[PDB]
Protein chains: 4
Amino acid sequence: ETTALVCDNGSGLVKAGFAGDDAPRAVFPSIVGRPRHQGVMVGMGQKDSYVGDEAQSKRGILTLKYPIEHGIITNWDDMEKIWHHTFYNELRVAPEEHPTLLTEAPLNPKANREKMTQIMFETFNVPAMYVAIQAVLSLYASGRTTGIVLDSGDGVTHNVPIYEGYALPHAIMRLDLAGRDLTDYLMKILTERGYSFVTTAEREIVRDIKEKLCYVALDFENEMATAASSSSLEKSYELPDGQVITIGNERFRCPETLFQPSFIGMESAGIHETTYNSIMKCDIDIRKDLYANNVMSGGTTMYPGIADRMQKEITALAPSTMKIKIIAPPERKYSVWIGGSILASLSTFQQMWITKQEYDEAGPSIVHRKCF
Amino acid sequence: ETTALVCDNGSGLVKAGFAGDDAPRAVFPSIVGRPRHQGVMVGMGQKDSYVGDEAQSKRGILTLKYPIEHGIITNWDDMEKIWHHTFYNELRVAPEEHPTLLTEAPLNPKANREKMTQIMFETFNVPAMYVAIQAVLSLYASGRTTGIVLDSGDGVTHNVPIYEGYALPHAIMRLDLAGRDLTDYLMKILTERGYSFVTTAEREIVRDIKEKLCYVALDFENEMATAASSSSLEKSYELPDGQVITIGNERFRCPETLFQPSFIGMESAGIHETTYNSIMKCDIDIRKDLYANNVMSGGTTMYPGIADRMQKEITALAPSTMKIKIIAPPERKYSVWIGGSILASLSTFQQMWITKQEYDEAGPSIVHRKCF
Amino acid sequence: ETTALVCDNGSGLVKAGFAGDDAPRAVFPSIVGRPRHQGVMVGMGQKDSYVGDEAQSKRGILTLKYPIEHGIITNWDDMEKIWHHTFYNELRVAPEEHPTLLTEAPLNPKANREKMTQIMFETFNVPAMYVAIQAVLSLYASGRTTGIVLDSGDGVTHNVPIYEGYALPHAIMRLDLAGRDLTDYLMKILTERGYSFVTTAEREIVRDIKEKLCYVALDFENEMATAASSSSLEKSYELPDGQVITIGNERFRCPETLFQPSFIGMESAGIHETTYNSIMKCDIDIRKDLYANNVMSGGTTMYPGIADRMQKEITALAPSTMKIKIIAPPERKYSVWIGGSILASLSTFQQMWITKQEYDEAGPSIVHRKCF
Amino acid sequence: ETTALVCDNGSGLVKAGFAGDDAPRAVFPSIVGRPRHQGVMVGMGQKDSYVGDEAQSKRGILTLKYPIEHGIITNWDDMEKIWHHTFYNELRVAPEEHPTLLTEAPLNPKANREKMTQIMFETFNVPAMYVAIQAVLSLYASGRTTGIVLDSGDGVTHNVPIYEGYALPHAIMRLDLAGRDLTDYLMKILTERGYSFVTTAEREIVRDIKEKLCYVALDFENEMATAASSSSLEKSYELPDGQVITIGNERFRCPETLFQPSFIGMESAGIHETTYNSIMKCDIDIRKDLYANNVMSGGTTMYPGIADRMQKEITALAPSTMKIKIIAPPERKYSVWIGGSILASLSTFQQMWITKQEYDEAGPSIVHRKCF
Ligand SMILES: Nc1ncnc2c1ncn2[C@@H]1O[C@H](COP(=O)(O)OP(=O)(O)O)[C@@H](O)[C@H]1O
Ligand SMILES: Nc1ncnc2c1ncn2[C@@H]1O[C@H](COP(=O)(O)OP(=O)(O)O)[C@@H](O)[C@H]1O
Ligand SMILES: Nc1ncnc2c1ncn2[C@@H]1O[C@H](COP(=O)(O)OP(=O)(O)O)[C@@H](O)[C@H]1O
Ligand SMILES: Nc1ncnc2c1ncn2[C@@H]1O[C@H](COP(=O)(O)OP(=O)(O)O)[C@@H](O)[C@H]1O
Ligand SMILES: [Mg+2]
Ligand SMILES: [Mg+2]
Ligand SMILES: [Mg+2]
Ligand SMILES: [Mg+2]
């Protein structure tokens with residue numbers, strides 16, 4: 001025990017590394033896949049469940065299912081499997097090798113974090129462990145102490161404002177529109193072209209289309225009228241079976257959902273009015289220093305041209321005299337793990353762990369009160 | 001010990017300097033601010049209480065509270081904090097570097113001054129110290145020996161008459177209507193426009209509006225009828241979050257309170273009948289030399305057009321044959337500290353100090369009888 | 001014209017009746033709902049906006065929005081719609097059938113009342129009309145002339161002291177914490193159990209949970225420790241889709257906000273220190289007769305066990321020698337309309353109306369000065 | 001032009017009639033058959049392609065092929081042939097005799113509907129035409145305005161929820177398991193008895209077996225164990241060549257696919273979890289009124305004992321306190337045409353047509369936006 005594990009259990013992509021490094025060493029999708037055909041060969045009981053990286057290569061014969069959705073762990077036997085695969089088969093370190101720094105989204109059920117802690121203590125027997133907040137670590141990665149964080153991951157999208165050290169918990173805005181909800185919308189708007197992706201394996205193909213051809217239109221209606229000259233926008237993607245598909249205005253109608261949540265039948269406001277409505281609930285004096293630091297995090301905020309549309313639509317709401325400046329790091333996809341590597345390597349933090357003794361003698365309610 | 005400290009502990013703005021200078025070197029608001037949110041960053045026990053100048057810049061996340069109100073020190077742990085911040089972090093001189101000349105309003109409780117003295121002796125260990133009267137120092141600054149002093153500060157407003165050297169203590173008129181009481185009235189008459197300032201941070205924004213847009217109408221009803229042509233008076237102020245507000249006849253209804261104390265539900269007379277009623281209690285011969293010298297002091301008497309309204313409404317009461325002349329220096333805001341720099345640099349005064357020895361051997365009742 | 005209309009436009013629930021009756025005849029929630037889906041049937045332009053009672057039954061496909069919030073009318077086209085629905089479709093009387101007695105909260109913008117009057121005169125053409133004060137009518141319903149009124153409605157909560165006939169306007173304490181602000185807090189503390197109500201329709205379900213399962217703990221910390229024996233308190237509510245939910249210590253953490261306004265991130269004092277601080281600003285002699293009559297009004301003051309907690313926490317502040325007695329009528333929910341039925345049926349009042357002639361020839365500024 | 005044509009182009013059975021009638025007049029299978037032998041007689045070029053009813057009687061020497069599959073028109077020269085056979089040889093009315101009301105399944109490619117419209121305008125020259133939705137017409141036939149529609153036809157099976165007028169498009173669940181997919185499964189499970197139907201003509205014999213001997217077992221495993229007493233279930237069908245066959249537990253293993261889509265190697269859920277999962281995506285308030293109206297449509301939902309199994313397996317999922325009631329009309333096979341005869345005879349609809357002028361001057365994109 002000299003270094004510590006930093007294991008960000010994303011909603012769709014598990015990242016894990018060592019406290020002190022500059023980038024995680026174990027980045028693999030958080031899937032659990034079961035085989036659904038008979039298996040006539042002699043490999044009958046041969047790996048009745050694949051996890052992570054293999055469950056993506058052999059995904060032709062597998063029903064893939066995520067153990068996490070919308071930040072809430074819904075399948076505990078698959079999450080123990082994914083963890084046990086991270087510690088042993090990917091990081092190749094014992095659990096009691098180091099303390100652990102897990103991460104979870106804000107405003108989650110009180111039972112999810114307690115069950116995380118119980119598993120990590122009574123099944124892997126970690127010496128110590130601490131559960132950070134995905135939106136406070138995203139500032140550490142940027143070396144700031146003030147700003148509003150839009151940490152739109154893959155299962156959840158949340159705004160968290162933080163003045164110079166002090167978080168304002170009464171203004172945290174959560175919203176359950178994220179990357180998976182855009183993949184499922186791209187699966188639907190693609191039928192109108194003729195392509196029908198239905199299975200759970202085809203889902204991981206539309207995810208790949210989304211990550212490669214989809215951009216966010218700076219203005220929606222102008223680009224939608226530009227798609228009438230139906231050649232200056234269409235791109236072609238090559239499926240795994242050699243077939244080709246051509247998507248046109250589906251390139252910006254998939255990520256426009258984040259600004260038009262009524263597309264997928266949600267009565268909520270875009271990520272430009274859950275950031276502005278969150279700044280208009282902070283006290284009037286810190287309102288000027290939050291406009292100038294909208295740090296962005298999470299994978300889904302990697303769409304080409306999302307920082308500019310945010311910066312253009314917030315400035316259309318905020319008073320016209322002061323500065324809007326979206327701070328989009330180039331590595332923001334890992335911006336939550338990087339922060340976790342920083343906070344776990346600070347000397348000021350080497351106290352806040354929750355050790356096995358302190359857990360057993362204080363009950364499972366000890367893990368909530370460590371800073372909210 | 002060659003120079004002496006002159007530390008005027010105002011009711012809302014602490015001023016402090018060196019005996020002999022021409023203007024104080026340490027002018028900072030007398031606030032103590034506590035943080036009220038959690039503070040998720042590693043700065044947990046990072047400055048659990050801000051004082052003075054910082055507690056004004058970071059006032060977004062702070063509950064600000066004044067340790068003094070109406071001249072009476074109501075929170076002794078905050079006043080020691082503000083003093084200790086004046087001596088060390090602002091003047092950068094040791095306490096036992098010099099004697100001190102404190103100041104306090106007339107007719108205060110007998111315990112307030114005694115506790116001031118006890119703190120200064122047993123906690124900062126000043127060599128000597130003396131407590132002047134805010135209304136006798138305001139004449140020194142003007143180089144006079146006769147006149148009536150209307151020292152309307154921020155916590156209290158008091159008239160004190162003084163003939164050629166001899167104060168008349170039986171005519172000192174105190175009144176608890178001051179700058180804070182006008183700020184709280186501007187916070188109320190502003191709702192009727194729609195703007196709602198409720199917090200303790202917004203209080204320091206309505207104070208800023210008051211100090212910039214508020215004037216005193218020479219005649220009230222005429223100006224109130226002029227505000228019917230609802231363009232020739234309205235001004236626009238820009239809040240810290242870029243929003244703008246437009247105040248009209250609220251510009252002269254906030255400081256009219258001093259002449260109409262029934263606005264804030266007080267049964268007392270304006271500052272034009274607590275000066276006149278104080279001259280009509282002085283003996284009939286000195287009554288002519290007090291009309292001609294109404295020196296004015298204190299911050300709140302900086303409203304544009306207050307000297308003229310005083311000079312116009314007293315002359316409507318006093319007998320019609322003799323002169324009314326309001327003497328309003330251009331620097332009267334510091335007129336109490338300037339005087340304190342004079343009286344502490346006189347050779348005739350270098351005796352009246354109360355030294356540590358003279359204090360211990362005479363008890364805490366030695367500090368009242370040094371000239372009232 | 002023999003009887004008169006009494007139409008209390010609450011902040012969340014419109015009540016309307018006839019002057020002289022014993023209880024209002026038209027009590028319906030003040031909502032305006034728009035449809036948000038396409039509407040494929042032949043009912044295309046079929047009721048493009050529902051109001052009041054229908055907009056509550058069909059609230060599955062509707063975005064519901066209140067035209068009033070915090071007593072200030074923010075959407076004038078919806079308020080005309082709700083009025084026009086009260087007069088014609090609910091009371092079934094013409095507007096010029098009778099004069100009207102509207103009601104509004106104290107310390108509102110000067111434009112809200114003027115626009116109310118302009119609408120009622122130039123769009124419904126009422127013969128006469130008068131705007132009372134929600135806290136002076138709540139005494140008429142009780143047959144008193146002395147007492148302090150805590151009229152905590154659904155948009156605003158205000159204390160108003162009244163000695164024998166004479167109101168003390170310099171002590172009226174307003175506070176913007178009310179029923180809607182508690183519903184939005186119950187929407188937040190319920191996520192920690194797992195239930196996520198996000199829409200505007202689910203808001204009217206958490207309102208129903210609040211009105212049925214929420215009580216006010218006589219002592220907070222004792223009950224919060226009693227909720228550790230996590231069976232003796234939990235209740236079960238059945239949602240409209242047959243699902244069941246179980247709320248435990250959320251039953252008294254929702255209405256505790258009124259005594260702990262820092263829960264929802266407000267820097268103000270509970271309704272036990274905005275009543276006490278309002279009595280300590282009335283003159284020392286009437287201070288004894290206001291302690292003995294804390295009449296309570298408004299809907300939100302119907303929580304089981306709120307009168308006892310008020311009576312127990314004020315008595316912990318007021319001097320220990322005299323009587324505290326909270327007067328909580330059993331019908332206080334309508335206590336403001338009942339009073340309006342009394343004052344509009346008095347012979348002494350049949351003068352104070354503002355008739356169309358008196359309005360046009362005196363301008364829209366005639367409606368403020370009728371008793372404040 | 002006084003009446004209008006209502007031509008439901010099913011996926012396997014074309015129905016066509018007149019707007020206003022009570023039942024279609026032209027119900028014929030939508031097949032196109034080519035001869036595949038030489039034809040030695042003098043009838044060389046004698047009807048080189050048979051359509052509809054003849055292509056079923058002479059199906060011994062014909063290769064039969066459907067021009068539609070899974071709702072998508074895949075062979076446009078055969079679909080023009082089938083239409084031209086409906087208008088002229090079966091209805092015996094000119095195309096420009098009346099406007100037309102076509103029908104198509106939800107979530108189809110955007111090109112299929114546009115090509116339908118282009119053909120009907122530029123090749124038959126209909127005066128007007130409109131394309132309804134197979135699941136909104138199935139309610140008109142029942143005289144409802146609220147309910148969920150399970151319109152399992154012959155090429156596609158889709159659930160569509162509709163509250164009182166307003167469809168919820170974000171919850172429409174499509175699934176490509178239908179009657180043809182059950183015929184092809186009965187062609188496979190029949191080999192295990194010895195009977196081998198391979199041709200395209202034998203397909204229309206296994207379809208006939210399916211329509212006559214197949215029922216849906218109320219409970220699967222119990223009936224499958226009852227088929228061990230291998231006499232109480234077996235039925236005997238007589239092929240067209242006098243041979244007889246005896247099918248036993250193949251009677252309920254063919255339609256069980258709709259509840260066990262993994263039989264034909266599909267990773268999807270039965271029609272009891274694409275209805276329940278569609279109600280659990282509608283808003284929580286309309287969830288109670290959709291449980292009580294599961295109107296059923298389409299041919300394949302005519303299996304003896306399917307309404308009871310649906311009503312028994314949904315009630316095992318939905319909360320146990322409220323009502324499940326499958327509304328299965330006795331004529332539901334035509335329930336989509338009946339509705340089309342109603343909507344085309346309403347006065348409220350006589351506007352929504354798309355006339356030739358309105359088409360040419362607005363382009364082929366005018367036909368999508370007429371209500372989705
Ligand atoms: N380059 C990209 N462009 C657009 N979307 C992306 C890109 N990379 C990842 N995504 C989306 O973001 C998700 C990954 O986000 P991530 O931050 O890993 O989520 P989590 O917070 O669960 O870790 C993926 O599911 C994918 O849908
Ligand atoms: N230029 C100005 N115009 C109007 N009011 C002012 C102005 N400057 C200060 N004030 C008011 O006067 C107060 C400062 O008065 P000051 O003399 O410092 O009080 P003290 O006697 O406590 O030192 C401030 O609180 C402010 O409300
Ligand atoms: N029995 C009850 N228990 C608790 N809260 C209630 C109860 N009845 C109503 N409320 C709350 O009070 C509000 C109604 O108060 P009301 O006096 O009608 O407001 P207004 O002053 O706008 O008329 C509702 O919004 C509801 O939240
Ligand atoms: N009585 C029946 N029992 C079982 N299946 C039937 C019955 N009648 C028809 N079918 C099946 O339903 C199909 C006809 O359904 P239909 O509603 O005509 O489809 P479409 O939606 O294309 O019109 C046929 O292909 C047949 O397989
Ligand atoms: Mg993340
Ligand atoms: Mg002063
Ligand atoms: Mg009310
Ligand atoms: Mg059909």
# chains A, B, ... in the order shown; residues from 1 in each chain; ligands from 1
$ select_by_dssp --residues "stretch 82-292 of chain A" --states "strand (DSSP E or B)" --output "PyMOL selection string"
chain A and resi 100-104+128-133+147-151+157-162+167+173-175+235-238+244-247
$ write_last_selection --atoms "N, CA, C and O atoms" --output "short mmCIF file (atom, residue, chain, number, x, y, z; two decimals), in the first residue's frame"
data_model
loop_
_atom_site.label_atom_id
_atom_site.label_comp_id
_atom_site.auth_asym_id
_atom_site.auth_seq_id
_atom_site.Cartn_x
_atom_site.Cartn_y
_atom_site.Cartn_z
N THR A 100 -9.22 2.35 -2.40
CA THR A 100 -9.94 2.61 -3.63
C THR A 100 -10.70 3.93 -3.53
O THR A 100 -11.20 4.29 -2.46
N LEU A 101 -10.81 4.62 -4.66
CA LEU A 101 -11.54 5.88 -4.75
C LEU A 101 -12.58 5.71 -5.85
O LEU A 101 -12.29 5.93 -7.03
N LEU A 102 -13.78 5.33 -5.46
CA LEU A 102 -14.86 5.16 -6.42
C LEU A 102 -15.51 6.51 -6.71
O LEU A 102 -15.25 7.51 -6.05
N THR A 103 -16.38 6.52 -7.71
CA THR A 103 -17.04 7.74 -8.14
C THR A 103 -18.49 7.43 -8.47
O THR A 103 -18.81 6.34 -8.96
N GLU A 104 -19.38 8.38 -8.19
CA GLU A 104 -20.78 8.20 -8.55
C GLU A 104 -21.42 9.56 -8.79
O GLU A 104 -20.97 10.59 -8.29
N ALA A 128 -9.09 0.53 2.54
CA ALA A 128 -9.82 1.77 2.70
C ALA A 128 -10.50 2.10 1.38
O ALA A 128 -10.17 1.52 0.34
N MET A 129 -11.47 3.01 1.43
CA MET A 129 -12.16 3.40 0.22
C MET A 129 -12.97 4.66 0.47
O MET A 129 -13.40 4.94 1.59
N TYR A 130 -13.17 5.42 -0.60
CA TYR A 130 -13.87 6.69 -0.52
C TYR A 130 -14.59 6.95 -1.84
O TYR A 130 -14.04 6.64 -2.90
N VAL A 131 -15.79 7.51 -1.77
CA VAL A 131 -16.63 7.71 -2.94
C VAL A 131 -16.73 9.20 -3.21
O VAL A 131 -17.36 9.94 -2.46
N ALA A 132 -16.11 9.65 -4.30
CA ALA A 132 -16.10 11.06 -4.64
C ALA A 132 -17.38 11.42 -5.38
O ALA A 132 -18.33 10.64 -5.43
N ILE A 133 -17.43 12.62 -5.95
CA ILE A 133 -18.56 13.07 -6.74
C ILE A 133 -18.06 13.43 -8.12
O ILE A 133 -17.15 14.26 -8.25
N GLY A 147 -16.39 27.38 -10.80
CA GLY A 147 -16.94 27.06 -12.10
C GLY A 147 -18.17 26.19 -11.95
O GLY A 147 -18.48 25.68 -10.88
N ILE A 148 -18.88 26.05 -13.06
CA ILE A 148 -20.03 25.17 -13.14
C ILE A 148 -19.66 24.00 -14.02
O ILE A 148 -18.97 24.17 -15.04
N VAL A 149 -20.07 22.81 -13.63
CA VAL A 149 -19.61 21.58 -14.25
C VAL A 149 -20.81 20.97 -14.95
O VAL A 149 -21.85 20.75 -14.32
N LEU A 150 -20.70 20.72 -16.25
CA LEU A 150 -21.74 20.00 -16.99
C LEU A 150 -21.19 18.63 -17.34
O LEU A 150 -20.56 18.44 -18.38
N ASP A 151 -21.41 17.66 -16.46
CA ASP A 151 -20.75 16.36 -16.60
C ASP A 151 -21.68 15.37 -17.28
O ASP A 151 -22.17 14.41 -16.68
N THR A 157 -26.81 13.22 -17.03
CA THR A 157 -26.25 14.53 -17.35
C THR A 157 -26.58 15.48 -16.22
O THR A 157 -27.76 15.74 -15.96
N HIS A 158 -25.56 16.02 -15.56
CA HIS A 158 -25.84 16.84 -14.39
C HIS A 158 -24.96 18.08 -14.37
O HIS A 158 -23.78 18.02 -14.71
N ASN A 159 -25.58 19.19 -13.98
CA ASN A 159 -24.88 20.44 -13.74
C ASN A 159 -24.66 20.62 -12.25
O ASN A 159 -25.58 20.45 -11.45
N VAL A 160 -23.44 20.99 -11.88
CA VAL A 160 -23.07 21.23 -10.49
C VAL A 160 -22.28 22.52 -10.38
O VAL A 160 -21.18 22.62 -10.95
N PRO A 161 -22.77 23.54 -9.68
CA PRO A 161 -21.99 24.78 -9.54
C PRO A 161 -21.11 24.71 -8.30
O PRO A 161 -21.49 24.10 -7.30
N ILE A 162 -19.94 25.33 -8.37
CA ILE A 162 -18.99 25.31 -7.27
C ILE A 162 -18.28 26.66 -7.25
O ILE A 162 -17.58 26.99 -8.21
N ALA A 167 -19.37 24.04 -2.67
CA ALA A 167 -20.41 23.62 -3.59
C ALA A 167 -21.76 24.11 -3.12
O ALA A 167 -22.01 24.25 -1.92
N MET A 173 -28.50 20.32 -10.81
CA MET A 173 -29.60 19.98 -11.72
C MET A 173 -29.25 18.67 -12.40
O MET A 173 -28.28 18.58 -13.15
N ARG A 174 -30.05 17.64 -12.16
CA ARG A 174 -29.85 16.36 -12.80
C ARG A 174 -30.84 16.21 -13.95
O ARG A 174 -31.91 16.81 -13.96
N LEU A 175 -30.46 15.40 -14.93
CA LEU A 175 -31.31 15.13 -16.08
C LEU A 175 -30.89 13.79 -16.66
O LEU A 175 -29.69 13.54 -16.81
N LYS A 235 -22.66 11.43 -45.20
CA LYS A 235 -21.46 10.61 -45.06
C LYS A 235 -21.81 9.14 -45.17
O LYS A 235 -22.96 8.73 -45.04
N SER A 236 -20.78 8.34 -45.42
CA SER A 236 -20.93 6.91 -45.65
C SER A 236 -20.11 6.13 -44.64
O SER A 236 -18.91 6.37 -44.48
N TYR A 237 -20.76 5.19 -43.96
CA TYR A 237 -20.13 4.35 -42.96
C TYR A 237 -20.24 2.90 -43.41
O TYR A 237 -21.22 2.51 -44.03
N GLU A 238 -19.22 2.11 -43.09
CA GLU A 238 -19.12 0.73 -43.56
C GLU A 238 -19.36 -0.22 -42.40
O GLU A 238 -18.54 -0.31 -41.48
N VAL A 244 -22.59 -0.90 -46.75
CA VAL A 244 -22.39 0.53 -46.54
C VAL A 244 -23.73 1.20 -46.32
O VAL A 244 -24.76 0.78 -46.86
N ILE A 245 -23.72 2.25 -45.51
CA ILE A 245 -24.90 3.06 -45.25
C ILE A 245 -24.51 4.52 -45.40
O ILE A 245 -23.34 4.88 -45.27
N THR A 246 -25.50 5.36 -45.70
CA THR A 246 -25.27 6.78 -45.95
C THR A 246 -26.25 7.57 -45.10
O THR A 246 -27.46 7.53 -45.32
N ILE A 247 -25.73 8.29 -44.13
CA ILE A 247 -26.56 9.10 -43.25
C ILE A 247 -26.34 10.57 -43.58
O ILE A 247 -25.21 11.00 -43.83
#
$ residues_near_ligand --ligand "ligand 4" --cutoff "9 Å" --atoms "only C-alpha atoms and all ligand atoms" --output "PyMOL selection string"
chain D and resi 8-15+27+29-30+68-71+105+134+151-157+178-183+207-208+210-215+255+297-304+332-337
$ interface_residues --of "chain A" --to "chain C" --cutoff "8 Å" --atoms "only C-alpha atoms" --output "PyMOL selection string"
chain A and resi 107-111+170+267-268
$ residues_around --residues "residue B:39" --least-positions-apart "3" --cutoff "10 Å" --atoms "only C-alpha atoms" --output "PyMOL selection string"
(chain A and resi 162-168+371-372) or (chain B and resi 35-36+42-46+61)
$ closest_residue --among "D:137, D:290, D:327, D:120" --to "ligand 8" --atoms "only C-alpha atoms and all ligand atoms"
D:137
$ residues_around --residues "stretch 80-97 of chain C" --least-positions-apart "3" --cutoff "7 Å" --atoms "only C-alpha atoms" --output "number ranges by chain"
C: 1, 26, 30, 51, 76-77, 124-127
$ atom_distance --atom1 "atom CA of residue D:177" --atom2 "atom CA of residue D:257"
8.5 Å
$ closest_residue --among "C:312, C:136, C:288, C:98" --to "residue C:355" --atoms "only C-alpha atoms"
C:98
$ atom_distance --atom1 "atom CA of residue C:135" --atom2 "atom CA of residue C:340"
10.8 Å
$ atom_distance --atom1 "atom CA of residue D:112" --atom2 "atom CA of residue D:366"
13.9 Å
$ residues_around --residues "residue C:287" --least-positions-apart "2" --cutoff "12 Å" --atoms "only C-alpha atoms" --output "ChimeraX atom specification"
/C:146-148,161-163,168,275-285,289-294,318-319,322-324
$ closest_residue --among "D:352, D:328, D:79, D:216" --to "residue D:252" --atoms "only C-alpha atoms"
D:216
$ decode --residues "stretch 299-311 of chain D" --atoms "N, CA and C atoms" --output "compact mmCIF listing (two decimals), in the first residue's frame"
# COMPACT_ATOMS: atom_id res chain seq x y z
N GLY D 299 -54.88 -9.48 -38.55
CA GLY D 299 -55.31 -10.85 -38.74
C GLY D 299 -54.76 -11.82 -37.72
N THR D 300 -53.44 -11.81 -37.52
CA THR D 300 -52.80 -12.82 -36.69
C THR D 300 -53.37 -12.88 -35.28
N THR D 301 -54.02 -11.83 -34.81
CA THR D 301 -54.63 -11.82 -33.49
C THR D 301 -56.00 -12.48 -33.49
N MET D 302 -56.25 -13.37 -34.45
CA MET D 302 -57.47 -14.15 -34.50
C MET D 302 -57.29 -15.56 -33.96
N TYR D 303 -56.10 -15.89 -33.45
CA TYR D 303 -55.88 -17.23 -32.95
C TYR D 303 -56.84 -17.50 -31.79
N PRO D 304 -57.49 -18.66 -31.80
CA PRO D 304 -58.40 -19.00 -30.69
C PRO D 304 -57.64 -19.06 -29.38
N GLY D 305 -57.96 -18.13 -28.49
CA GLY D 305 -57.35 -18.13 -27.17
C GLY D 305 -56.13 -17.25 -27.03
N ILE D 306 -56.05 -16.17 -27.80
CA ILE D 306 -54.94 -15.24 -27.66
C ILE D 306 -55.28 -14.07 -26.75
N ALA D 307 -56.52 -13.59 -26.78
CA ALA D 307 -56.92 -12.54 -25.86
C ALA D 307 -56.80 -12.97 -24.42
N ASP D 308 -57.08 -14.23 -24.11
CA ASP D 308 -57.01 -14.68 -22.72
C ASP D 308 -55.57 -14.82 -22.25
N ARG D 309 -54.68 -15.29 -23.12
CA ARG D 309 -53.29 -15.37 -22.71
C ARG D 309 -52.66 -14.00 -22.55
N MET D 310 -52.98 -13.05 -23.44
CA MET D 310 -52.53 -11.68 -23.23
C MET D 310 -53.03 -11.15 -21.90
N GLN D 311 -54.33 -11.30 -21.65
CA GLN D 311 -54.93 -10.78 -20.42
C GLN D 311 -54.37 -11.48 -19.19
